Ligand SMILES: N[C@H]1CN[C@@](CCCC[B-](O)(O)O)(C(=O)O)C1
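Encoded as structure tokens, the following chain is the form deposited without the ligand, with no partner shown.
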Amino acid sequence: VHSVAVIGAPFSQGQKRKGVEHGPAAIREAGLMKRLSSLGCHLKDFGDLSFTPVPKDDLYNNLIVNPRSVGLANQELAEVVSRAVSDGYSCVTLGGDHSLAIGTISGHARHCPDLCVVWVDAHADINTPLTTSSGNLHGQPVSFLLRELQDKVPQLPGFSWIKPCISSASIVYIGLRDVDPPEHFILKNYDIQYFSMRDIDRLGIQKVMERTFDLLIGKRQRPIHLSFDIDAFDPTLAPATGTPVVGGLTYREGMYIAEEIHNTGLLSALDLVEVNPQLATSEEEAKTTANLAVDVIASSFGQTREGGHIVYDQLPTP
């Protein structure tokens, strides 16, 4: 019996495309709670958080957009995640853009300092505020969290509260296929392990999961933080997303990652981000993406493709 807390983080200021703030409601509408309930989960829904707005919030170094707004909302979200983690709940945060991982990972690390991160995404999201070309904070969350990158990251307004909480050996990426040249340099120079789409093509997702766990939990059991960007899946499967990139995970591969995460029994927090129902060309495309998000979450807590989630031990007789 897993105790699962659901937190809606209708965060959109980490990027420029509107509608990602409607991701939590779309996921709940696709039957998230009914699905987790059927798995036997003990649920708590915090509903959607109302983040303190920052009306006077100008560009940092004439590039970084909404720093105070993103920094403050993450500060507040980190308090909610920390509380849920303290109360014994596996914390599911529904996005919202991927800048929310600053708050969920920060919050989680307060009570789980030995956590490890499995980052599932088409993107590395590891640009520093000095390497970003877009100035979108959803493309930089990992830079604020990485201990080894601290001397390369300037102090941004609203971001001072953040204490880097993950080391380069404690994060593994899966699904990479659109990596900026500064991000590629960071991954190689700081020895951050990753399994790009090319590594999945060669090894197969089973070997990718085995190797990920060898790297992270090969020495001891640790709390796992699964940060899952819906754009890790091929755009044909997850169209309702801001930055789609062709040649992503199949439905089967995404289910396989989540099932392996469930099988460890170590999942402590999960982010499901970048579902933007507004970017779907049709209502069915929006529902398809939202149904996929529920499937990743439910598989992370026991949903299988073999029907082995529920205890059944005796057949009825005539």
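Position 1 is the first residue in the sequence shown; the rest follow in order.
Heads up, the form deposited with the ligand bound isn't pictured, but that's what we're talking about next.
- Checking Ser90, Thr243, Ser82, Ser168 for any heavy atom within 4.5 Å of the ligand in the deposited bound form turns up a single hit: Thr243.
- In summary, the region of this chain contacting the ligand in the deposited bound form, judged by heavy atoms within 4.5 Å and restricted to 104 to 112, 149 to 157, 229 to 237, 190 to 198, corresponds to 229 to 237.
- Under a 4.5 angstroms non-hydrogen atom cutoff, the ligand in the deposited bound form lacks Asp271 among its neighbouring residues.
- The ligand in the deposited bound form comes within 4.5 Å of a heavy atom belonging to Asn127.
- Using a 4.5 angstroms limit between non-hydrogen atoms, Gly248 is distant from the ligand in the deposited bound form.
- In the deposited bound form, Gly139 approaches the ligand with a heavy atom inside 4.5 Å.
- Of all the residues from 154 to 181, those having a non-hydrogen atom no more than 4.5 Å from the ligand in the deposited bound form are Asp178, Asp180.
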